[PDB]
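Peer 1: Just so you know, the sequences run in chain order X and U.
Throughout the first sequence, residue numbering follows the numbering used here, covering 233 to 337 in sequence.
Throughout the second sequence, residue numbering follows the numbering used here, covering 233 to 337 in sequence.
Protein chains: 2
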Amino acid sequence: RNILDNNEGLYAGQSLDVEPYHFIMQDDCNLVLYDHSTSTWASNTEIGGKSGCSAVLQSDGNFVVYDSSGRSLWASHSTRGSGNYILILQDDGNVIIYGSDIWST
Amino acid sequence: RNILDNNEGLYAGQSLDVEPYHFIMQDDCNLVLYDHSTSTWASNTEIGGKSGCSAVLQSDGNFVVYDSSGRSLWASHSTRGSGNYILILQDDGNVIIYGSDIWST
Ligand code: NA
Numbered sequence: 233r234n235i236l237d238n239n240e241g242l243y244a245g246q247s248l249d250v251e252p253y254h255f256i257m258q259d260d261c262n263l264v265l266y267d268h269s270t271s272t273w274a275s276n277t278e279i280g281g282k283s284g285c286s287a288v289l290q291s292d293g294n295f296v297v298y299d300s301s302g303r304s305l306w307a308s309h310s311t312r313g314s315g316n317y318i319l320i321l322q323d324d325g326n327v328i329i330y331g332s333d334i335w336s337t
Numbered sequence: 233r234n235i236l237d238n239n240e241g242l243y244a245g246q247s248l249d250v251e252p253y254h255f256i257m258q259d260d261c262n263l264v265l266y267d268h269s270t271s272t273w274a275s276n277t278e279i280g281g282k283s284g285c286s287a288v289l290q291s292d293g294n295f296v297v298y299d300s301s302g303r304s305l306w307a308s309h310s311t312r313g314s315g316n317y318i319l320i321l322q323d324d325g326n327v328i329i330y331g332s333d334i335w336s337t
């Protein structure tokens, strides 16, 4: 997986993989972008006691890390409203969200 | 490869692969979406004696097939303005362009 579409996400332990980059929703509740073995970006949500966190691209454009209850602990703060969005891990190392769809076959 | 970013393209012979689907910039200058061995969408640009064609997603949102001397033979007609866009060959066999970017990093 290198992309997320509307209301898709990463469960604890799941990742987006494009070598040498991995975007991992970790067990410690931190969302971390690794470049080879080095962390280059994090959501800074790594909190003892917080397990079962998930990162979800919402259908309003917002990318959110939720804790096990439903508390939003980090967001991209990209609410644009109704649309079709995708989040992509690119091979230039950036994770980016595009929307809304402008063409299709 | 399943995506093209800005001023990335498929040159002659190149393709996006998400099994069982292929988006191929063929040597006959036709840009064709295959579902297994069946063409389900084409640019219809195998013209008589055209070769070395390329399909490039541009920074204005337009997706264009060019001949070897840079004449535009087909376009998506999806110009939305200067920004950042991606074309995705999706798991459901749809090819779609999203953009412009709303978040990154
Ligand atoms: Na998807």
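Beta carbons are placed, not taken as given, at the ideal position from N, Cα and C, and that holds for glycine.
(1) Measuring straight from C-alpha to C-alpha, what distance separates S304 (chain X) and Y253 (chain X)?
(2) Kindly list the residues whose CB is nearer than 8 angstroms to the CB of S271 (chain X), restricted to its own chain and excluding five residues on each side of it in sequence; keep chain order.
(3) Going by other Cβ atoms of all chains shown within 10 Å of its Cβ, with 16 needed for buried, is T277 (chain X) buried or exposed?
(4) Listed in chain order, which residues of the stretch 289-308 of chain U have Cβ atoms closer than 8 angstroms to some Cβ of chain X?
(5) Are the CB atoms of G293 (chain U) and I329 (chain U) within a distance shorter than 8 angstroms?
(6) For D237 (chain U), count the other beta carbons within 10 Å of its own beta carbon; 16 or more makes it buried, fewer makes it exposed. Which is it?
(7) By the three-class DSSP mapping on this structure, what secondary structure does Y317 (chain U) have?
(8) DSSP beta-bridge partners for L248 (chain X)?
(9) What do you reckon, are the CB atoms on residue 232 (chain U) and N316 (chain X) nearer than 8 angstroms?
(10) Would you check whether ligand 1 has a heavy atom nearer than 7 angstroms to the C-beta of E240 (chain X)?
(11) Confirm, please, whether the CB-CB distance from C285 (chain U) to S300 (chain U) is below 8 angstroms.
Peer 2: Straight from the coordinates:
(1) 25 angstroms
(2) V264 and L265
(3) buried
(4) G293, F295 and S308
(5) yes
(6) buried
(7) strand
(8) X:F255
(9) This structure leaves residue 232 (chain U) out entirely; chain U is present only between 233 and 337.
(10) yes
(11) yes
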